[PDB]
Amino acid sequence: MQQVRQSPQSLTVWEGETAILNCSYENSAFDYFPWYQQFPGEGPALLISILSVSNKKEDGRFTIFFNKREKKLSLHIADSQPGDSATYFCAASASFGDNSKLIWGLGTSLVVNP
């Protein structure tokens, strides 16, 4: 029973092209969903979050579309730059603040060809 399904596994794209990384979870108690960016030879790094209260989080071309009812959210990378070539992790937690362990996704690797 792995609770943070990520799709797809690998994905290549074009420079400027918009990449879409999906995530689905089962534990309905999940209310805090952080995405981590991981460059080669490094560990995860907070990239962008989204609280179950909202539906979308805006950042500089990083947007987290989230759907509570259907329990599916997604990272949308507008204008995919070759810098964004990293591994993206979708993690879900039942709460931020009181230590409720973070359930990670297996990750979706990206590659932005120029």
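For every residue, the number given is its place in the sequence shown, counted from 1.
57-65 versus 77-85 - greater average Cα B-factor per the deposited record: Here the higher of the two C-alpha B-factor means belongs to 57-65.
Stretch with the higher entry mean CA B-factor, where the candidates are 7-15 and 87-95: The deposited B-factors put 7-15 ahead on the C-alpha mean.
Based on the deposited C-alpha B factors for this chain, I'd like to know if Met1 is in the lowest, middle or highest third. As the PDB entry reports it, the C-alpha B-factor of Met1 lands in the highest third of its chain.
Using only modelled residues of the chain, where does the Cα B factor of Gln37 rank: lowest third, middle third or highest third? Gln37: CA B-factor falls in the lowest third of its chain.
Looking at the C-alpha B-factor of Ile48, is it in the lowest, middle or highest third of its chain? It belongs to the lowest third of the chain when residues are ordered by C-alpha B-factor.
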